[PDB]
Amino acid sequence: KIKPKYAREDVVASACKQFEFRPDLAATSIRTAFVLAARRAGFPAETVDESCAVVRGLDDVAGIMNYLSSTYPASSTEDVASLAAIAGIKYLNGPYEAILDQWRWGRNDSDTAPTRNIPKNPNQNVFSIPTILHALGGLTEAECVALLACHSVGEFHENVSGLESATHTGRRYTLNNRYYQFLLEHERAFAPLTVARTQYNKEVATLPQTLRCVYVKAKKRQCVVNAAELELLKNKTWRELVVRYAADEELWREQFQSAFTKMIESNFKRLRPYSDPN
C-alpha cells in the first residue's frame, strides 16, 4: 500500500510552526535525529566527550514530538521524529530539499532493548568520531564530515555538556558550511576548557574533559568544540574534506543531504518509497 495517511510536508509545516515560537528547539530536533540513529547503532552516549548522542536535554523536543504524534496519529513516532528533524533543517535555512523529496516512510516503532557497543580496548571508554559516524548507515568519509556542519547551529546546555552560553561557531540559526570555515580559521587558537561543577550542571554526572575553547569577537562569544573534532583536522583525508567544504558550499550541500538521509534511514528495515496520499 503506497499509502501514507498524511502528506510529509504537512508534518514538516506543523513542526516549523512550533519552531516559530521555540526557535531553539529546531537545532535540538536535528540533534535528536543523531541521538536516535546513534542509539539504533549501539552508540548511546553518556558523555559529550564522546558525542551529543546523550539522552539528556530532550524534554522540550519530546514535547513537540508528542504534539506532532497527536496531530498525526496513524503515523509511526519514528517517521514523525525524522520529519521534525528535517523541519529543523528547513527552519534553520539548511539544505533539506533532497532529504525531504527522497524521504521514505514506514519506520517501525519497535520496542528494542537499548544496546551499547563495547570498545576493543578494555581501558577505552569512548568511541572515535569516525567509528560512530560511519556506522550511521554506512557513511563514506565525505558524508561523515558533511554531517558535522549541524554544529553550525544550536548551542550548549547545562544539563547536556554542563555549560551554557556557548556555541560551536559563534552562531546558532543558519545551517551551512560555516562550521568548516570556523574550524580552519581558529584551529591553532583553541585552548583546553575546564567545565566546573556548578549548581546548574548536576545532571552531568561526569563533566567533559576534552572540550576546547576559543573566544571570538565588540564583545566576545565563547566557542566550544570537542578535542576529537579538532584532532581530525590533523588527519589528511578528513582535513581535505573540511578544506573542500569550506570553499565549496554546493558540494557540501550534496554530501550533507546524502549523509542525513542515510542516518535517518539507518537500522530501519523495509522502508517504503513515498507516494502522495492524495
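Residue positions are given as counts along the sequence shown, with the first one as 1.
- Unmodelled residues of the deposited sequence between neighbouring positions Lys234 and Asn235 number none; the chain is continuous.
- According to the PDB record, 189-197 carries the higher mean C-alpha B-factor of the two stretches 189-197 and 156-164.
- Here the stretch with the larger average CA B-factor, out of 224-232 and 28-36, is 224-232.
- As recorded in the PDB entry, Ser110 shows the highest C-alpha B-factor of the residues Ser110, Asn177, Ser82, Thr115.
- Note on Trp238, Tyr245, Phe43, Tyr215: the highest value goes to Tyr215, judged by CA B factor as recorded.
- Per-chain ranking of the deposited C-alpha B factor places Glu20 in the highest third.
- Ranked by C-alpha B-factor against the other modelled residues of its chain, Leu100 falls in the middle third.
- The PDB entry assigns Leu207 a C-alpha temperature factor belonging to the highest third of its chain's modelled residues.
- Sort the chain's modelled residues by C-alpha temperature factor and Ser51 lands in the lowest third, per the entry.
- Annotation for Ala74: CA B-factor lies in the highest third of the chain's modelled residues.
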